[PDB]
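Enquirer: Okay, so here is target-v8.csv, and as you'll see once you scroll down, it has CSV, C-alpha atoms and all ligand atoms.
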chain,number,residue,atom,x,y,z
F,1,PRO,CA,25.0,-0.5,3.5
F,2,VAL,CA,25.0,3.2,2.7
F,3,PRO,CA,22.4,5.2,4.7
F,4,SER,CA,19.3,6.8,3.1
F,5,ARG,CA,16.4,9.1,4.1
F,6,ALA,CA,13.1,10.2,2.6
F,7,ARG,CA,13.2,13.3,0.2
F,8,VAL,CA,9.9,14.5,1.7
F,9,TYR,CA,8.4,14.6,5.3
F,10,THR,CA,11.8,13.5,6.5
F,11,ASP,CA,11.5,14.9,10.0
F,12,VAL,CA,7.8,15.0,10.7
F,13,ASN,CA,8.0,12.5,13.6
F,14,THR,CA,11.3,13.9,14.9
F,15,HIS,CA,9.5,17.3,15.6
F,16,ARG,CA,6.4,15.7,17.2
F,17,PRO,CA,5.9,14.6,20.8
F,18,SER,CA,6.6,11.0,21.7
F,19,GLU,CA,2.8,10.5,22.3
F,20,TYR,CA,2.2,10.8,18.5
F,21,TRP,CA,4.4,8.0,17.5
F,22,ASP,CA,5.1,5.8,20.5
F,23,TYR,CA,2.3,3.3,19.9
F,24,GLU,CA,3.6,1.0,22.7
F,25,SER,CA,2.6,3.7,25.3
F,26,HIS,CA,-0.9,4.3,23.6
F,27,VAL,CA,-3.8,3.5,26.0
F,28,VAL,CA,-6.5,1.5,24.2
F,29,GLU,CA,-10.1,2.0,25.4
F,30,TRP,CA,-12.8,-0.4,24.5
F,31,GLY,CA,-16.3,0.5,23.3
F,32,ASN,CA,-19.4,-1.6,24.0
F,33,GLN,CA,-19.4,-4.8,21.9
F,34,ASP,CA,-23.1,-5.0,22.7
F,35,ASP,CA,-23.6,-1.9,20.4
F,36,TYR,CA,-22.9,-4.2,17.4
F,37,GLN,CA,-24.8,-7.1,15.9
F,38,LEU,CA,-22.9,-9.2,13.3
F,39,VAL,CA,-24.8,-9.6,10.1
F,40,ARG,CA,-22.6,-11.6,7.7
F,41,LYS,CA,-19.1,-12.6,6.9
F,42,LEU,CA,-17.4,-10.4,4.2
F,43,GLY,CA,-13.8,-11.5,3.8
F,44,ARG,CA,-11.1,-13.5,5.7
F,45,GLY,CA,-7.8,-11.7,6.2
F,46,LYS,CA,-4.4,-13.2,6.9
F,47,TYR,CA,-4.6,-11.8,10.4
F,48,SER,CA,-8.4,-11.2,10.6
F,49,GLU,CA,-12.0,-12.1,10.0
F,50,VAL,CA,-14.3,-9.4,8.6
F,51,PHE,CA,-18.0,-9.0,9.2
F,52,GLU,CA,-20.7,-6.6,8.1
F,53,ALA,CA,-22.5,-5.5,11.3
F,54,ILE,CA,-25.2,-3.1,12.5
F,55,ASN,CA,-24.6,-0.5,15.2
F,56,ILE,CA,-28.0,-1.0,17.0
F,57,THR,CA,-27.6,2.4,18.8
F,58,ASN,CA,-27.9,4.4,15.5
F,59,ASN,CA,-29.1,1.8,12.9
F,60,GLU,CA,-25.8,2.3,10.9
F,61,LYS,CA,-24.0,-0.4,9.0
F,62,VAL,CA,-20.3,-0.9,10.0
F,63,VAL,CA,-17.6,-3.4,9.3
F,64,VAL,CA,-16.1,-5.4,12.2
F,65,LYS,CA,-12.6,-6.7,11.7
F,66,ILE,CA,-12.0,-9.5,14.3
F,67,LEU,CA,-8.3,-9.9,15.0
F,68,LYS,CA,-6.7,-13.1,16.1
F,69,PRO,CA,-4.4,-11.5,18.6
F,70,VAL,CA,-1.1,-13.3,17.7
F,71,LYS,CA,0.9,-10.2,18.6
F,72,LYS,CA,-0.3,-7.4,21.0
F,73,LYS,CA,2.2,-4.7,19.9
F,74,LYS,CA,1.1,-5.0,16.3
F,75,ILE,CA,-2.5,-4.4,17.2
F,76,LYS,CA,-1.5,-1.3,19.2
F,77,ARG,CA,0.4,0.0,16.3
F,78,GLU,CA,-2.5,-0.4,13.9
F,79,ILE,CA,-4.9,1.3,16.4
F,80,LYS,CA,-2.5,4.3,17.0
F,81,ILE,CA,-2.0,4.8,13.3
F,82,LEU,CA,-5.8,4.6,12.6
F,83,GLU,CA,-6.4,7.1,15.4
F,84,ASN,CA,-3.7,9.4,14.0
F,85,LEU,CA,-5.0,9.3,10.5
F,86,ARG,CA,-8.7,9.4,11.3
F,87,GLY,CA,-10.5,11.9,9.1
F,88,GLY,CA,-7.6,12.1,6.6
F,89,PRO,CA,-8.7,12.2,2.9
F,90,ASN,CA,-9.7,8.7,1.6
F,91,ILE,CA,-8.4,7.0,4.9
F,92,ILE,CA,-10.7,4.3,6.3
F,93,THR,CA,-12.4,5.7,9.4
F,94,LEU,CA,-11.9,3.6,12.6
F,95,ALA,CA,-15.3,4.1,14.4
F,96,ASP,CA,-14.7,1.9,17.5
F,97,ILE,CA,-12.6,-0.8,19.2
F,98,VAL,CA,-14.3,-3.6,21.0
F,99,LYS,CA,-13.6,-6.8,22.8
F,100,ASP,CA,-15.3,-10.2,23.1
F,101,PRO,CA,-15.8,-10.7,26.8
F,102,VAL,CA,-15.6,-14.5,26.9
F,103,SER,CA,-12.8,-15.2,24.3
F,104,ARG,CA,-10.9,-12.0,25.0
F,105,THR,CA,-10.7,-11.3,21.3
F,106,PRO,CA,-10.2,-7.7,20.0
F,107,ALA,CA,-12.0,-6.2,17.0
F,108,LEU,CA,-11.8,-2.9,15.1
F,109,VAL,CA,-15.0,-1.3,13.9
F,110,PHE,CA,-14.9,0.7,10.7
F,111,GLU,CA,-17.1,2.8,8.5
F,112,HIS,CA,-18.8,0.5,6.0
F,113,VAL,CA,-17.9,0.7,2.3
F,114,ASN,CA,-19.9,-1.0,-0.4
F,115,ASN,CA,-16.8,-2.3,-2.3
F,116,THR,CA,-17.0,-2.8,-6.1
F,117,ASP,CA,-15.6,-6.1,-7.3
F,118,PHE,CA,-11.9,-6.0,-8.4
F,119,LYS,CA,-12.8,-8.0,-11.5
F,120,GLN,CA,-15.7,-5.7,-12.2
F,121,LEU,CA,-13.5,-2.6,-11.9
F,122,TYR,CA,-10.9,-4.1,-14.2
F,123,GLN,CA,-13.5,-4.7,-16.9
F,124,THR,CA,-15.4,-1.4,-16.8
F,125,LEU,CA,-13.0,1.4,-15.8
F,126,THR,CA,-12.2,4.1,-18.3
F,127,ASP,CA,-9.0,6.0,-18.9
F,128,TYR,CA,-10.5,9.0,-17.0
F,129,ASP,CA,-11.7,6.6,-14.1
F,130,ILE,CA,-8.1,5.2,-13.7
F,131,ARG,CA,-6.7,8.8,-13.4
F,132,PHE,CA,-9.5,9.8,-11.0
F,133,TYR,CA,-8.9,6.8,-8.6
F,134,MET,CA,-5.1,7.0,-8.9
F,135,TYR,CA,-5.4,10.6,-7.8
F,136,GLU,CA,-7.7,9.6,-4.8
F,137,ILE,CA,-5.1,7.0,-3.7
F,138,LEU,CA,-2.4,9.8,-4.0
F,139,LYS,CA,-4.4,12.1,-1.7
F,140,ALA,CA,-4.5,9.3,0.9
F,141,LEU,CA,-0.7,8.6,0.5
F,142,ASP,CA,0.4,12.2,0.5
F,143,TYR,CA,-1.7,12.6,3.7
F,144,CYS,CA,-0.3,9.6,5.6
F,145,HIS,CA,3.3,10.3,4.4
F,146,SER,CA,2.7,14.0,5.6
F,147,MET,CA,1.6,12.4,9.0
F,148,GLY,CA,4.9,10.4,9.1
F,149,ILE,CA,3.4,7.1,8.3
F,150,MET,CA,4.3,4.5,5.5
F,151,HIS,CA,1.4,2.2,4.7
F,152,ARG,CA,3.7,-0.7,3.5
F,153,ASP,CA,0.9,-2.8,2.1
F,154,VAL,CA,-0.5,-0.8,-0.9
F,155,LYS,CA,-2.3,-3.2,-3.2
F,156,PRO,CA,-5.8,-3.4,-4.9
F,157,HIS,CA,-7.2,-5.6,-2.1
F,158,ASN,CA,-6.3,-2.8,0.4
F,159,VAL,CA,-8.2,-0.1,-1.7
F,160,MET,CA,-12.0,-0.2,-1.3
F,161,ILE,CA,-13.9,1.5,-4.1
F,162,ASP,CA,-17.6,2.4,-4.1
F,163,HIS,CA,-17.8,3.1,-7.8
F,164,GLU,CA,-21.5,4.2,-7.7
F,165,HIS,CA,-20.5,7.0,-5.3
F,166,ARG,CA,-16.9,7.5,-6.7
F,167,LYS,CA,-15.7,6.9,-3.1
F,168,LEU,CA,-12.3,5.4,-2.4
F,169,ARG,CA,-10.8,4.3,1.0
F,170,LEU,CA,-7.3,3.0,1.7
F,171,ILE,CA,-7.7,0.2,4.3
F,172,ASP,CA,-5.7,-2.4,6.3
F,173,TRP,CA,-3.2,-0.4,8.2
F,174,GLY,CA,-2.0,-3.5,10.0
F,175,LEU,CA,1.6,-3.3,8.4
F,176,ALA,CA,1.8,0.5,8.6
F,177,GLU,CA,4.7,2.1,10.4
F,178,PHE,CA,6.0,5.5,11.6
F,179,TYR,CA,8.9,6.8,9.5
F,180,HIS,CA,12.0,7.9,11.6
F,181,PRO,CA,15.0,8.9,9.4
F,182,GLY,CA,17.9,6.5,9.7
F,183,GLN,CA,15.7,3.7,11.1
F,184,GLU,CA,16.2,0.1,9.9
F,185,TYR,CA,12.9,-1.6,9.2
F,186,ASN,CA,11.8,-5.2,8.7
F,187,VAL,CA,11.8,-6.0,5.0
F,188,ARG,CA,9.1,-8.7,5.4
F,189,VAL,CA,6.2,-6.3,4.6
F,190,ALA,CA,3.9,-5.7,1.7
F,191,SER,CA,2.5,-8.4,-0.5
F,192,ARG,CA,4.8,-10.2,-2.9
F,193,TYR,CA,3.8,-8.6,-6.2
F,194,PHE,CA,3.9,-5.1,-4.7
F,195,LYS,CA,7.2,-5.4,-2.8
F,196,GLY,CA,9.7,-2.8,-3.8
F,197,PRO,CA,13.2,-3.7,-4.9
F,198,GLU,CA,14.5,-2.3,-1.5
F,199,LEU,CA,12.7,-5.1,0.3
F,200,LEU,CA,13.8,-7.9,-2.1
F,201,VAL,CA,17.5,-7.0,-1.8
F,202,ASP,CA,17.1,-6.6,2.1
F,203,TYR,CA,17.8,-2.9,2.2
F,204,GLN,CA,16.3,-1.9,5.6
F,205,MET,CA,16.6,1.9,5.5
F,206,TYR,CA,13.6,2.4,3.3
F,207,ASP,CA,10.8,5.1,3.5
F,208,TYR,CA,7.4,6.4,2.1
F,209,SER,CA,8.9,5.7,-1.4
F,210,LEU,CA,8.1,2.0,-0.9
F,211,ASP,CA,4.3,2.9,-1.2
F,212,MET,CA,5.1,4.7,-4.5
F,213,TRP,CA,6.6,1.5,-6.0
F,214,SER,CA,3.5,-0.4,-4.9
F,215,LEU,CA,1.2,2.2,-6.5
F,216,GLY,CA,3.2,2.0,-9.7
F,217,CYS,CA,2.7,-1.9,-9.7
F,218,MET,CA,-1.1,-1.2,-9.4
F,219,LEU,CA,-1.1,1.4,-12.2
F,220,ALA,CA,1.0,-0.9,-14.5
F,221,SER,CA,-1.5,-3.8,-13.9
F,222,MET,CA,-4.6,-1.8,-14.7
F,223,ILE,CA,-3.5,0.2,-17.8
F,224,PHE,CA,-1.8,-2.9,-19.3
F,225,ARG,CA,-4.6,-5.3,-18.1
F,226,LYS,CA,-1.9,-7.6,-16.7
F,227,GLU,CA,-2.6,-8.7,-13.1
F,228,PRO,CA,-0.2,-8.8,-11.3
F,229,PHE,CA,2.3,-6.8,-13.4
F,230,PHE,CA,5.4,-8.4,-11.7
F,231,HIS,CA,4.3,-12.0,-11.2
F,232,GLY,CA,7.0,-13.5,-8.8
F,233,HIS,CA,6.5,-17.0,-7.5
F,234,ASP,CA,8.6,-16.3,-4.3
F,235,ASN,CA,10.5,-13.3,-2.9
F,236,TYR,CA,13.7,-14.1,-4.8
F,237,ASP,CA,11.9,-14.7,-8.1
F,238,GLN,CA,9.9,-11.4,-7.5
F,239,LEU,CA,13.3,-9.5,-8.0
F,240,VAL,CA,13.9,-11.5,-11.3
F,241,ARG,CA,10.4,-10.5,-12.6
F,242,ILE,CA,11.2,-6.8,-12.0
F,243,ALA,CA,14.7,-7.3,-13.6
F,244,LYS,CA,13.0,-8.7,-16.7
F,245,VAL,CA,11.3,-5.3,-17.3
F,246,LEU,CA,13.8,-2.8,-15.8
F,247,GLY,CA,16.9,-4.6,-16.9
F,248,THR,CA,19.8,-5.9,-14.7
F,249,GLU,CA,22.3,-3.1,-15.3
F,250,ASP,CA,20.3,-0.5,-13.2
F,251,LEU,CA,19.8,-3.3,-10.5
F,252,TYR,CA,23.6,-3.5,-10.0
F,253,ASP,CA,23.9,0.3,-10.1
F,254,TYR,CA,21.2,0.5,-7.4
F,255,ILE,CA,23.0,-2.3,-5.3
F,256,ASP,CA,26.4,-0.5,-5.7
F,257,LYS,CA,25.0,3.0,-4.9
F,258,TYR,CA,23.8,1.7,-1.5
F,259,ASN,CA,26.6,-0.9,-0.9
F,260,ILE,CA,23.9,-3.7,-0.7
F,261,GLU,CA,25.2,-7.3,-0.4
F,262,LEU,CA,23.0,-9.6,-2.6
F,263,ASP,CA,21.9,-12.8,-1.0
F,264,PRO,CA,23.6,-15.9,-2.5
F,265,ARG,CA,20.1,-17.4,-3.4
F,266,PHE,CA,20.1,-14.8,-6.3
F,267,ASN,CA,23.4,-16.1,-8.0
F,268,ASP,CA,21.8,-18.8,-10.2
F,269,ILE,CA,18.4,-17.1,-10.9
F,270,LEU,CA,19.1,-13.4,-11.5
F,271,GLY,CA,20.8,-13.6,-15.0
F,272,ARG,CA,21.2,-10.7,-17.5
F,273,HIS,CA,18.3,-8.6,-18.9
F,274,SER,CA,17.8,-5.6,-21.1
F,275,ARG,CA,15.8,-2.6,-20.0
F,276,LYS,CA,12.4,-2.8,-21.8
F,277,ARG,CA,10.2,-0.1,-23.4
F,278,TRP,CA,6.9,0.5,-21.7
F,279,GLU,CA,5.2,0.7,-25.1
F,280,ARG,CA,6.0,-3.1,-25.5
F,281,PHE,CA,3.1,-3.8,-23.1
F,282,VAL,CA,0.5,-2.0,-25.3
F,283,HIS,CA,-2.0,-4.4,-27.1
F,284,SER,CA,-5.4,-4.2,-28.6
F,285,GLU,CA,-7.2,-5.1,-25.3
F,286,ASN,CA,-5.5,-2.2,-23.3
F,287,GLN,CA,-4.6,0.6,-25.8
F,288,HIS,CA,-7.7,2.6,-24.8
F,289,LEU,CA,-6.2,3.0,-21.2
F,290,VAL,CA,-2.6,3.8,-22.3
F,291,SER,CA,-1.4,7.3,-23.3
F,292,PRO,CA,2.1,8.9,-23.5
F,293,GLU,CA,1.3,10.7,-20.1
F,294,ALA,CA,0.4,7.3,-18.5
F,295,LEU,CA,3.7,5.7,-19.6
F,296,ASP,CA,5.7,8.8,-18.6
F,297,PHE,CA,4.0,8.7,-15.1
F,298,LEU,CA,4.6,4.9,-14.8
F,299,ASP,CA,8.3,5.2,-15.7
F,300,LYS,CA,8.7,7.8,-12.9
F,301,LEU,CA,7.2,5.4,-10.2
F,302,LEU,CA,8.7,2.1,-11.3
F,303,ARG,CA,12.4,2.9,-10.6
F,304,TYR,CA,14.8,0.7,-8.6
F,305,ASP,CA,16.3,3.6,-6.8
F,306,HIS,CA,13.7,4.5,-4.2
F,307,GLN,CA,15.1,8.1,-4.0
F,308,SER,CA,14.5,8.6,-7.7
F,309,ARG,CA,10.7,7.8,-7.6
F,310,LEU,CA,8.1,10.6,-7.6
F,311,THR,CA,6.9,11.4,-4.1
F,312,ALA,CA,3.0,11.4,-3.7
F,313,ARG,CA,3.0,15.2,-4.0
F,314,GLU,CA,5.1,15.2,-7.2
F,315,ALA,CA,2.9,12.5,-8.6
F,316,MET,CA,-0.2,14.7,-8.1
F,317,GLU,CA,1.5,17.4,-10.3
F,318,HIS,CA,2.2,15.0,-13.2
F,319,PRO,CA,0.4,15.7,-16.6
F,320,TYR,CA,-1.4,12.3,-16.3
F,321,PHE,CA,-3.8,14.1,-13.8
F,322,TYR,CA,-4.4,17.4,-15.7
F,323,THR,CA,-7.9,16.0,-16.5
F,324,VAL,CA,-8.8,15.5,-12.8
C,401,LIG,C1,-17.5,-11.9,18.4
C,401,LIG,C2,-16.5,-10.8,18.9
C,401,LIG,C3,-15.2,-10.9,18.7
C,401,LIG,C4,-14.3,-9.9,19.0
C,401,LIG,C5,-14.8,-8.7,19.6
C,401,LIG,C6,-16.1,-8.6,19.8
C,401,LIG,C7,-17.0,-9.6,19.5
C,401,LIG,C8,-18.5,-9.3,19.7
C,401,LIG,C9,-19.1,-10.0,20.8
C,401,LIG,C10,-20.4,-9.8,21.1
C,401,LIG,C11,-21.2,-8.9,20.3
C,401,LIG,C12,-22.6,-8.7,20.6
C,401,LIG,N1,-23.6,-9.1,19.6
C,401,LIG,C13,-20.6,-8.3,19.2
C,401,LIG,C14,-19.3,-8.5,18.9
C,401,LIG,CL1,-18.6,-7.7,17.6
C,402,LIG,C1,-5.3,-1.3,-9.5
C,402,LIG,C2,-6.0,0.0,-9.8
C,402,LIG,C3,-5.2,1.0,-10.5
C,402,LIG,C4,-5.8,2.1,-10.9
C,402,LIG,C5,-7.2,2.4,-10.6
C,402,LIG,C6,-7.9,1.4,-9.9
C,402,LIG,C7,-7.3,0.2,-9.5
C,402,LIG,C8,-8.1,-0.6,-8.6
C,402,LIG,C9,-8.7,-1.8,-9.1
C,402,LIG,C10,-9.3,-2.7,-8.2
C,402,LIG,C11,-9.3,-2.5,-6.8
C,402,LIG,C12,-9.9,-3.5,-5.9
C,402,LIG,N1,-10.6,-3.1,-4.7
C,402,LIG,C13,-8.7,-1.3,-6.3
C,402,LIG,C14,-8.1,-0.4,-7.2
C,402,LIG,CL1,-7.4,1.0,-6.6
Represent the structure from my file as structure tokens, please.
Ligand SMILES: Cc1ccccc1-c1ccc(CN)cc1Cl
Ligand SMILES: Cc1ccccc1-c1ccc(CN)cc1Cl
Expert:
Amino acid sequence: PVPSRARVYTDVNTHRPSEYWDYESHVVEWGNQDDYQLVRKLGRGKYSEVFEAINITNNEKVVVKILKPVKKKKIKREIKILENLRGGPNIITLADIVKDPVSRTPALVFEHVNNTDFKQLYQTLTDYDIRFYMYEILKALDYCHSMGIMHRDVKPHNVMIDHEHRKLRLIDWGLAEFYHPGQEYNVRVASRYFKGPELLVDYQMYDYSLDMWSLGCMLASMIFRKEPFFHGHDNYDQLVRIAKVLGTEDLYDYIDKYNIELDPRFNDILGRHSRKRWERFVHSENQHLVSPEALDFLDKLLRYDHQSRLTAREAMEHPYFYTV
């Protein structure tokens, strides 16, 4: 395959000391698990169990993410990234790291966010609200990309919103990675509906632009009231669902540009599809959230060619946000 590199923040990690990005050498230091009393179960993650807790030293509510330690290196990576990004705009704050003495189980302690229901948000958000929150996510992405980090798991479940306080936090940094130009990354990242075409065609030299694809998927779902927007039933079918909207000609152009070899499993499912018009998704139930600026913005995120997508900084300058 033809090599590629990010159009922005390309060399941020190259020009930083090894300590910043070498998470395997990061020294983790435990806090006191006895400072925290678990209150109730919140949600159960693929790699974790989440609880609401009280920090008994200051009477503050926190969230405790108990991690089943399947892989030690992965935990160190999440911790290092959270420490690096701590205090960034709209980045979840890691408050502490604790261990359960008897079971030797690690847990991450975060600032508590009173999360508005996804279904509730879908029903009541206004056109202005969608622009406001999309801009808040962009602040988080432009910051983490500027810090040489790709989130790689951008999706609604990883975006906590306290609608009452208009507060947004990008969470679950468990799949996040440091961007090093020329590096070949594992394509088995992100959640199916949000996986960029680069991951689906097994193009390993991807970058921050993967997060911009995921963000486009979110925007498309909310403005069109179609969740998820690209409803794949498996990783191969996910590429067909995208191909049904963006057409198959630009898919081959993208494959040819980077000399990508398509897996044989695509041969009998991919087919031939025309490029569709974003206006075809407009209906009576979603027209109050769609505008020419929204469609132009979406068209600039949802592109096969990862290099052609708006960067988070370019996205922040789009007319869709002139009202925020
Ligand atoms: C249950 C657990 C799992 C992983 C890390 C820490 C803990 C833990 C153990 C004891 C206490 C004290 N009430 C608190 C926690 Cl979070
Ligand atoms: C998908 C989307 C797009 C634009 C604005 C808000 C949202 C949104 C909806 C629900 C949730 C669930 N915690 C998160 C977000 Cl960012």
Enquirer: Have a look at CA of residue 39 (chain F) and CA of residue 51 (chain F) and let me know their distance in Å, one decimal.
Expert: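 Taking CA of residue 39 (chain F) as the start and CA of residue 51 (chain F) as the end point, the length is 6.9 Å.
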Enquirer: So which residues fall inside 10 Å of (5.7, 2.1, -16.8) if we count all atoms listed in the file? Mind giving them as an mmCIF file with C-alpha atoms, in the frame of the given file?
Expert:
data_model
loop_
_atom_site.group_PDB
_atom_site.id
_atom_site.type_symbol
_atom_site.label_atom_id
_atom_site.label_comp_id
_atom_site.auth_asym_id
_atom_site.auth_seq_id
_atom_site.Cartn_x
_atom_site.Cartn_y
_atom_site.Cartn_z
ATOM 1 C CA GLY F 216 3.200 2.000 -9.700
ATOM 2 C CA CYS F 217 2.700 -1.900 -9.700
ATOM 3 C CA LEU F 219 -1.100 1.400 -12.200
ATOM 4 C CA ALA F 220 1.000 -0.900 -14.500
ATOM 5 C CA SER F 221 -1.500 -3.800 -13.900
ATOM 6 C CA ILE F 223 -3.500 0.200 -17.800
ATOM 7 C CA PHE F 224 -1.800 -2.900 -19.300
ATOM 8 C CA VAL F 245 11.300 -5.300 -17.300
ATOM 9 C CA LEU F 246 13.800 -2.800 -15.800
ATOM 10 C CA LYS F 276 12.400 -2.800 -21.800
ATOM 11 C CA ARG F 277 10.200 -0.100 -23.400
ATOM 12 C CA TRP F 278 6.900 0.500 -21.700
ATOM 13 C CA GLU F 279 5.200 0.700 -25.100
ATOM 14 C CA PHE F 281 3.100 -3.800 -23.100
ATOM 15 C CA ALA F 294 0.400 7.300 -18.500
ATOM 16 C CA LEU F 295 3.700 5.700 -19.600
ATOM 17 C CA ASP F 296 5.700 8.800 -18.600
ATOM 18 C CA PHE F 297 4.000 8.700 -15.100
ATOM 19 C CA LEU F 298 4.600 4.900 -14.800
ATOM 20 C CA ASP F 299 8.300 5.200 -15.700
ATOM 21 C CA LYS F 300 8.700 7.800 -12.900
ATOM 22 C CA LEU F 301 7.200 5.400 -10.200
ATOM 23 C CA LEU F 302 8.700 2.100 -11.300
ATOM 24 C CA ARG F 303 12.400 2.900 -10.600
#
Enquirer: Counting only C-alpha atoms and all ligand atoms, which protein, DNA or RNA residues come within 9 Å of ligand LIG 402 (chain C), given as a ChimeraX atom specification?
Expert: /F:115-122,125,129-137,155-162,168-170,215-223,227
Enquirer: Could you give me the residues within 9 Å of ligand LIG 401 (chain C), counting all atoms listed in the file, as a PyMOL selection string?
Expert: chain F and resi 32-38+51+53+64-68+97-109
Enquirer: Restricting the calculation to all atoms listed in the file, which member of F:7, F:226, F:257, F:273 is positioned closest to residue 242 (chain F)?
Expert: F:273
Enquirer: Closest to residue 138 (chain F) among F:231, F:41, F:313, F:188, using only C-alpha atoms?
Expert: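 Selected residue with least distance to residue 138 (chain F): F:313.
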Enquirer: Need the shell around residue 112 (chain F): protein/DNA/RNA residues with any atom at most 7 Å away, counting all atoms listed in the file. Skip same-chain ones fewer than 3 positions apart. Format as a list in words?
Expert: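 Returned residues: residues 61, 62 and 63 of chain F.
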Enquirer: Go through F:84, F:210, F:232, F:239 and flag the residue nearest residue 19 (chain F), using all atoms listed in the file for the distances.
Expert: F:84
Enquirer: Enter the distance from CA of residue 111 (chain F) to CA of residue 189 (chain F), in Å, rounded to one decimal.
Expert: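 So the answer is 25.3 Å.
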Enquirer: Which distance in Å separates CA of residue 83 (chain F) and CA of residue 173 (chain F), to one decimal?
Expert: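 Separation between CA of residue 83 (chain F) and CA of residue 173 (chain F): 10.9 Å.
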Enquirer: Between F:225, F:251, F:312, F:166, which is the closest to residue 287 (chain F) once you count all atoms listed in the file?
Expert: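 The shortest atom-to-atom distance to residue 287 (chain F) comes from F:225.
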